[PDB]
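Student: piece number one of the complex, untouched:
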Amino acid sequence: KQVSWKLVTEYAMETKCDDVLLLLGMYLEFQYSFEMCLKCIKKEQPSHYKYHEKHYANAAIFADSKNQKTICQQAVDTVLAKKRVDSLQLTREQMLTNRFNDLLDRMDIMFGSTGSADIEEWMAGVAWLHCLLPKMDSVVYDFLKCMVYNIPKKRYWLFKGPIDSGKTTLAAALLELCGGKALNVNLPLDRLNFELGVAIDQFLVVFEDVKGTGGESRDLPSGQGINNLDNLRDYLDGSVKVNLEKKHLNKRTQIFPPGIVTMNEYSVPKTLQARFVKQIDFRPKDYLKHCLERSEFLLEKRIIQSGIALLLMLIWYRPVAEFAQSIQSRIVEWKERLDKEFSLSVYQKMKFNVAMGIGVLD
């Protein structure tokens, strides 16, 4: 009798697991009899309780194997290969669809009866977030389209505002929605090339709080970020491929992803501002501050930064046809649930409440 390396490879695929120890550990759990498994009876972790019965017989014989890490390494290679194929063949449209489908799957758990989350608290987050900018959901939808099209030159958005104007909050939320990375170009010009290597194969990137010079008039400390950027023109426009470092390893060539730039109100050289479409800017607004102060479970649960919160806002506001055709079925049922759960006047209470700067969950 023999271990089926195939069945392990299935488990790795179905779970999208790609750490050889994470895989090895979880498969070994299945050696004990599913018949009595506490995690199963407690319906505790889906990547366990969905699977324990299926894999039981193979996991038992795997537990005797003299070869365990070799099997897991071949299984891990299979999952990395799948990512590699997808990265080079898929449309950007499909990638976002995949990313969206995964978030909806995790929301099925969070707000399922087994789940711990409260949909009303998360919806309170959407109201506060929606209030942050006029026509927030149109801003979000425009931004998403822009990333999916990745049209050259028309690729980069600028976020301006004072400290605590929320730009870092929203950037993080978008980055959690789409997937991507942040970068810090305030560095001197030697470190920069290794720094930029981070972007390789990412869907999206973000430039955090760049520093100009002479803004210390406005008490904004000087730095070189702008002067670095104003010499990175060819990366921003995305019109032609560039070579990206990574430490020790060889250079690789691709188009530098689209992205977002964030700053306090330093002066922007006219050369650089031409690189941006659609400069958004942010004020402070005392009532949002007072509201957070009276509904701190938002922050304490990290709701306001979540990609899940943005997805909920899109479902609440956008027409179904705006979603990619595959997920439209899941979109319909989530609209259905949300319509069933919040009658609109509930949401009007929440919005009106935030406008009064009182605690959104009155």
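Tutor: It's in. Residues are numbered from 1 along each chain as shown, chains lettered A, B, ... in the order given.
Student: Within the helices and strands, which one has residue A:182?
Tutor: strand A:181-183 (DSSP states H and E).
Student: distance between that strand and the chain's centre?
Tutor: Taking CA atoms, centre = their mean, to the nearest Å, the mean C-alpha location of strand A:181-183 is offset from the chain mean by 12 Å.
Student: which stretches of the stretch 101-250 of chain A form strands?
Tutor: For the stretch 101-250 of chain A, the strands defined by DSSP state E, counting those that start in this stretch occupy A:156-160, A:181-183, A:205-207, A:242-244.
Student: partners of the first one in the sheet?
Tutor: Read it as strand A:156-160. Using DSSP bridges, the strands paired with strand A:156-160 are strand A:259-263 (parallel), strand A:276-281 (parallel).
Student: now do the third one
Tutor: Strand pairing for strand A:205-207, using DSSP bridges, gives strand A:181-183 (parallel), strand A:259-263 (parallel).
Student: Could you dump these into TSV with mean neighbour count added?
Tutor: Quick note: C-beta positions are derived from backbone N, CA and C, even for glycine. Below are the strands paired with strand A:205-207 laid out as TSV (neighbours: other CB atoms under 10 Å):
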stretch	mean neighbour count
strand A:181-183	17
strand A:259-263	24
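Student: Tell me which of those sits nearest to residue A:163.
Tutor: Closest of those to residue A:163 is strand A:259-263, at 11.1 Å (criterion: CB to CB).
Student: After the closest one, which helix or strand is next? Please name it.
Tutor: helix A:270-273.
Student: between the strands paired with strand A:156-160, which one is nearest to residue A:153?
Tutor: Comparing those by CB to CB, strand A:276-281 comes nearest, at 8.2 Å.
Student: Now do the buried residues in the closest one.
Tutor: Residues A:276, A:280 are the ones in strand A:276-281 that count as buried (16 or more other CB atoms under 10 Å).
Student: For the helix or strand just after it, give me every contacting residue.
Tutor: Using DSSP H and E, the helix or strand that directly follows strand A:276-281 along the chain is helix A:286-293. With CB atoms under 8 Å, 6 or more residues apart in numbering as the test, helix A:286-293 has contacts from A:128, A:131-132, A:164, A:166, A:298-299, A:354-360.
Student: here's chain B, drop it on:
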Amino acid sequence: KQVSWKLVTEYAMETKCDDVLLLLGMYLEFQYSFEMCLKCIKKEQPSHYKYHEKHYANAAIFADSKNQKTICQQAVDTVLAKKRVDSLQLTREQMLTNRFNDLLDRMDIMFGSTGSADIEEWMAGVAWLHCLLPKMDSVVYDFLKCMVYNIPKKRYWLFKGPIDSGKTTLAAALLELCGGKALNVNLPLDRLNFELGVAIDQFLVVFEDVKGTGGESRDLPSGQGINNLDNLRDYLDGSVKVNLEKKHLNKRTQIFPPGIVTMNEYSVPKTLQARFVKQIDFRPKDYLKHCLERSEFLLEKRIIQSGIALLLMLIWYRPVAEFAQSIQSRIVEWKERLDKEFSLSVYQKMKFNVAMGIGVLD
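Tutor: With chain B added, the chains above now look like this:
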């Protein structure tokens, strides 16, 4: 007949051996006759005497294997896998339960029939610790709670006071209770960027004495930390995930852990000052150090900076319900032992000798 790899792996799981060499050495000890194993008869180490008879026959065959380290490598992977699994499938509350459970196991054996320390020495330790700062047990319990929740921004406590004021001393014990690491930022900014990654997968972190700049106002050596820290604000508040830098080494996207700052009395820009939940002051105390020299077994045995002394201190003050709900069983069992073995009056005598700074024992 041939070695059971499974039995070796059970022993590794049961004894939580991380190290291939440590595993190999101990398992080879079992090859001699259990039926007169003198180490067992001397009841020296549980890791041997609790297992030798059970593992004996397999250990005999193990000695003749041509392949020994390969068996041990796979067994060690099994233990490391269990860590990685738990590290992604638990509440912070569960982790503390496990941490405390294990320490209590050590107290059980250490103060057992093997009786290898006098509890009173630790109680003098507890008494010394408790007199350091008002309601010292509450300080532990509330800082502890604070670290369990990891609520954003409500995350950093400042410890301040002169040289040799015990701030370093306290943290070392407390960090040993919980698990985590120290850090330094008295650094030109590059060297900050090579520290950061030691925080990876750390439950908690601590800043060693921060050199502020311009310290020579106190005649303190100036160093870089104060401005660096304000220029690190988000790592404090733990609002949004990041990835962190050792030299070279790996990271996985996570929030920067909560923590503690320790300080000789440099200034703070109220920007950085606003980042904190608490200030707590320190000094040497002169009767107390004249007690230490009169009480030196405390320091010889290091108990003064054992987290065990904190665990014991908590058990003396806090009520059973205030504890991890299953382990509450063990809590009463130890409260029974402690309250039986020690009246409040004997504690008051120690506490009084502590108060005099005379050697705690009389």
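Student: Once more for the buried residues of strand A:276-281, now including chain B?
Tutor: A:276, A:280 (16 or more other CB atoms under 10 Å in any protein chain shown).
Student: With stretch A:107-121 instead?
Tutor: Quick answer for stretch A:107-121 (16+ other CB under 10 Å): A:107, A:111, A:119.
Student: Could you export these as TSV, including distance to chain B?
Tutor: TSV is the format used below for the buried residues of stretch A:107-121 (distance: CB to the nearest CB, whole Å):
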residue	distance to chain B
A:107	19
A:111	19
A:119	21
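Student: Of those residues, which belong to helices?
Tutor: Among the buried residues of stretch A:107-121, the residues falling in helices (DSSP state H) are A:107, A:111, A:119.
Student: pretty sure the second one is touching residue A:121, no?
Tutor: No. Residue A:111 is not in contact with residue A:121 according to CB atoms under 8 Å; the separation is 10.7 Å.
Student: Check the secondary structure at the residue of chain A found nearest chain B for me.
Tutor: Closest to chain B within chain A is residue A:25: 3.4 Å, counting by CB to the nearest CB. Assigned with DSSP: H, G, I helix; E, B strand; the rest coil, residue A:25 falls in the helix class.
Student: how about residue A:185, what does it touch?
Tutor: Contacts for residue A:185 (CB atoms under 8 Å, 6 or more residues apart in numbering or on different chains) come out as A:192, A:195, A:207, A:210, A:224-225, A:228-229, A:232.
Student: From residue A:206, how far off is it?
Tutor: 11 Å (CB to CB, to the nearest Å).
Student: Same question for residue A:59.
Tutor: 42 Å.
Student: max-length helix in chain A?
Tutor: Max-length helix for chain A by DSSP H is helix A:68-89.
Student: elements contacting that one?
Tutor: When contacts are defined as 3 or more CB pairs under 8 Å, 6 or more residues apart in numbering or on different chains; DSSP states H and E, helix A:68-89 sits against helix A:5-15, helix A:20-29, helix B:68-86.
Student: what's the angle between it and helix A:5-15?
Tutor: With axes from the mean of the first three to the mean of the last three CA atoms, to 10 degrees applied, the angle from helix A:68-89 to helix A:5-15 works out at 50 degrees.
Student: Just the residues contacting helix A:68-89, thanks.
Tutor: A:3, A:5, A:8-9, A:11-13, A:16-20, A:23-24, A:27, A:62, A:65, A:95, A:98, A:201, B:74, B:77.
Student: Chain C should go on the structure too:
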Amino acid sequence: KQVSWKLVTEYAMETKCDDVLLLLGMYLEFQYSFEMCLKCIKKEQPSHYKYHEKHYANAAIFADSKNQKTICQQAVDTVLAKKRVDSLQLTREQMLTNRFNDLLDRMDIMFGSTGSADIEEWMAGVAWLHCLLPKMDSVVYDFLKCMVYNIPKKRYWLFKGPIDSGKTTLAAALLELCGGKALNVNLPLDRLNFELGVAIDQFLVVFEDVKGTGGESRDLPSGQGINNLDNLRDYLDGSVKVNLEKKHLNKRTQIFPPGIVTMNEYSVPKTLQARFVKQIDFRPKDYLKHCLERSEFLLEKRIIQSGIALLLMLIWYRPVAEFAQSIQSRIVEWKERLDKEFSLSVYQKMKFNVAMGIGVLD
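Tutor: Placed with the earlier chains, chain C looks like this:
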């Protein structure tokens, strides 16, 4: 038939051999017929003549094997594994008496009927040696106690003094007496990461003649060595475990060994002086030079370097009660032997020759 890996492993354990090439060479000597072995006949090395007969058969078959280095690798692992086990489970006393026993055993040879060197020379060495300092025997008792008791922060000693003050010599004797290890420091801190690997599982370590800074006014060459060590405060203080590198292997984490450091009389930072129990001066008591120049066998034989000279010094001065109990009869036995070979007059005659800087003997 086939090689027994067991018998090779026994030889490695029994010799406590440590290097895989050394073992391979050592064992292959046994392949020749025992009956005529010249090394056996003329009793040159215990490591050979004790064993050739016992291992001849297995050595003959070993000499043919196509796997010889693999066999030796497993054996070397077995010796290393025992070291690792003992490093955790033993008391610092138990370790120290193990060390002393091997010295006693060697002396049973070196003054046995073979007795390959003449105890008078060694005692003359011991004379020059105790004559180096006030209370030298008591000073070493204080040192040894300190190293067993292994207290944090109060953990290391400093030697200071001119070129040829002898400080390095005394360290080398204490290093051998304990069986510690020695570490360079005058290097960049990346390279350090693997030198420190030698400190894994050692009773003790030493650092040497560290290049200070600003020394040039005295011709004293400044260097990175001092400033590098400014960082390493936990390693010195022994406040918590640190992980250490080892090559083609796991890293491992433990408290860093206690130790000492020596210097010629550089500057010292006020922050680091804070972390040594004891600082010791050394001087050109030039008449000692005059003697040794004229007593050269002591130096040629490295007698005044030998840890044996200190073990002899200890056997002379200290009461058997001051020794660890288990060996105490061996102390009597050797004490008697020296009394049966010497008297305080004889020592004091030699002592006075050293005091006179005249050749030790008349």
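Student: before we move on, back to that, contacts for the strand holding residue A:182, please.
Tutor: A:171, A:175, A:195-196, A:198-199, A:202, A:204-208, B:242.
Student: Over to stretch A:248-258?
Tutor: A:146-147, A:150, A:155-156, A:180, A:196, A:199-205, A:235-236, A:238, A:240-246.
Student: ends of that stretch, how far apart?
Tutor: One end of stretch A:248-258 to the other measures 26 Å (CA to CA, to the nearest Å).
Student: Please identify the buried residues of it?
Tutor: A:256-258.
Student: List the residues that contact residue A:121.
Tutor: A:297-298, A:301, A:303, A:361.
Student: So what's the residue count around residue A:243?
Tutor: Residues within reach of residue A:243, counting by other CB atoms under 10 Å in any protein chain shown, total 11.
Student: For residue A:350, give its distance to chain C.
Tutor: Separation of residue A:350 from chain C (CB to the nearest CB, to the nearest Å): 49 Å.
Student: so where does that residue fall, helix or strand?
Tutor: helix A:344-355.
Student: So which residues make contact with that helix?
Tutor: For helix A:344-355, the surrounding residues in contact (CB under 8 Å, 6+ apart) are A:123-124, A:127-128, A:130-131, A:287-288, A:291, A:316, A:359-362.
Student: Let me have the residues you listed in a markdown table, adding distance to chain C as columns.
Tutor: Below are these laid out as a markdown table (distance: CB to the nearest CB, whole Å):
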| residue | distance to chain C |
| --- | --- |
| A:123 | 46 |
| A:124 | 44 |
| A:127 | 47 |
| A:128 | 43 |
| A:130 | 48 |
| A:131 | 48 |
| A:287 | 48 |
| A:288 | 44 |
| A:291 | 44 |
| A:316 | 50 |
| A:359 | 45 |
| A:360 | 45 |
| A:361 | 45 |
| A:362 | 50 |
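Student: Name only those of those that count as buried.
Tutor: By 16+ other CB under 10 Å, these give A:123-124, A:127-128, A:130-131, A:288, A:291, A:316, A:359-361 as buried.
Student: sorry, back to before: out of the buried residues of stretch A:248-258, the closest to residue B:339 would be?
Tutor: Once CB to CB is applied, the member of the buried residues of stretch A:248-258 that ends up nearest residue B:339 is residue A:257, at 64.2 Å.
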